[PDB]
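Read through the structure below, which is laid out as structure tokens, and then see the notes.
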Amino acid sequence: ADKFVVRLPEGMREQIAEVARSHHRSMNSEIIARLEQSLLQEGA
Amino acid sequence: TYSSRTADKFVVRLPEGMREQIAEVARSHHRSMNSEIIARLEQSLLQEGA
Amino acid sequence: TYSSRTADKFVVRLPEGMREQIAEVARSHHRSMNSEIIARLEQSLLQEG
Amino acid sequence: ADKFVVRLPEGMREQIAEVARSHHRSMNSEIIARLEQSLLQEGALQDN
DNA sequence: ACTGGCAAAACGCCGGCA
DNA sequence: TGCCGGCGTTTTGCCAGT
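Residue numbers (the entry's author numbering), protein chains in the order written: chain B, 16 to 59; chain A, 10 to 59; chain C, 10 to 58; chain D, 16 to 63.
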């Protein structure tokens with residue numbers, strides 16, 4: 016599977032981890048889950 | 010203090026052809042792939058916060 | 010070939026305060042002012058057929 | 016009036032040129048008129 | 001007007017960490 | 001799974017030279 020290194024702004028770094036644990040999934044699992052939701056919003 | 014060389018990098022292991030899917034969106038919205046990802050994350054985050 | 014350093018350049022004379030207004034919305038959308046301007050112009054044009 | 020040089024993609028210049036000619040306006044006038052209505056259009060997204 | 005191009009930023013990605 | 005220095009690149013904002 017291909018990968019993309021994402022330069023992230025100030026806050027996100029930590030804030031992204033916070034939501035991951037509370038969702039009981041890894042960071043990469045969180046980001047991709049959010050990303051697919053966003054892309055699904057476009058299907059409107 | 011916080012440039013793009015300083016910023017927090019994070020490898021996102023994309024599912025098959027999802028990368029190509031971001032790309033198409035990124036082009037149409039006239040932003041880099043980085044900015045694309047950021048913009049979507051940022052918005053997804055703020056939805057839960059309001 | 011047609012890169013960024015090849016692209017047609019047009020000097021836009023902007024009215025009072027439009028600059029900061031555009032820059033603000035540009036950051037707001039995670040985009041360079043250039044891309045920001047192009048994006049809006051583009052959408053304006055196809056809206057007109 | 017302050018300046019800002021725009022790099023336009025392939026077909027944009029001629030595209031804008033035509034529309035301007037259509038509206039009997041300067042190219043710069045056309046660009047601004049459009050950038051104007053584009054800004055206050057989404058600036059009118061204060062609760063839709 | 002135009003447009004080479006500069007200096008600085010951002011980009012994409014590698015290849016190495018832990 | 002996560003972290004990141006740093007390379008080689010384009011892009012970006014904005015000039016001066018024509």
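Heads up, the beta-carbon is just placed ideally off N, CA and C, and yes, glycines get one too.
(1) Is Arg-22/A helix, strand or coil when you go by DSSP?
(2) If the cut is a Cβ gap below 8 Å, which residues of chain D does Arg-28/C touch?
(3) Give a yes or no on whether the C-beta atoms belonging to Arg-49/D and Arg-36/C are separated by under 9 Å.
(4) Given that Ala-48/A touches chain C, what residues does it touch there, using C-beta distances under 9 Å?
(5) So with CB distances below 9 Å, who are the chain C contacts of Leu-54/D?
(6) Rounded to a whole number of angstroms, what is the C-alpha to C-alpha distance between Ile-47/D and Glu-57/B?
(7) Between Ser-12/C and chain A, is there a C-beta pair that is closer than 9 Å?
(8) From which residue to which residue does the alpha helix (DSSP H) around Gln-61/D run?
(9) Check each candidate in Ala-59/A, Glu-25/A and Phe-19/A and name the one with the smallest Cα separation from residue 60/B.
(10) What residues from chain C crowd round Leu-23/D, counting only those whose CB sits closer than 7 Å?
(11) Between which two residues does the alpha helix (DSSP H) harbouring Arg-14/A extend?
(12) Could you name the residues of the same chain whose beta carbon sits closer than 7 Å to that of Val-34/C, not counting the 5 residues immediately before and after it, in chain order?
(13) Closest to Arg-14/C by C-alpha separation, out of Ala-16/D, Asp-17/D and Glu-25/D, would be which residue?
(14) Express the C-alpha separation of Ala-59/A and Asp-17/C in angstroms, rounding to a whole number.
Reading off the structure:
(1) Note: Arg-22/A maps to strand in three-state DSSP.
(2) Ordered by position in chain D, the residues that pass the 8 Å Cβ test against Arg-28/C are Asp-17 and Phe-19.
(3) Contact: no.
(4) In chain order: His-38, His-39 and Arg-40.
(5) Near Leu-54/D (Cβ distances below 9 Å), the residues of chain C are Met-27, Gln-30, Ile-31, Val-34 and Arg-49.
(6) Annotation: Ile-47/D to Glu-57/B spans about 29 Å, alpha carbon to alpha carbon.
(7) So, not an interface residue.
(8) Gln-61/D -> no alpha helix (DSSP H), and no H or E assigned at all.
(9) Residue coverage of chain B in this structure runs from 16 to 59, which leaves residue 60/B outside it and unanswerable.
(10) Chain C residues near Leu-23/D: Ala-16, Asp-17, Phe-19 and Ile-47.
(11) First-last for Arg-14/A: undefined, no H or E at that position.
(12) If the five residues before and after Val-34/C are omitted, its C-beta is found closer than 7 Å to the C-beta atoms of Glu-45, all from its own chain and listed in chain order.
(13) Nearest C-alpha to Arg-14/C among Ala-16/D, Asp-17/D and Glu-25/D: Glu-25/D.
(14) When only Cα atoms are considered, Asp-17/C and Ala-59/A end up about 43 Å apart.
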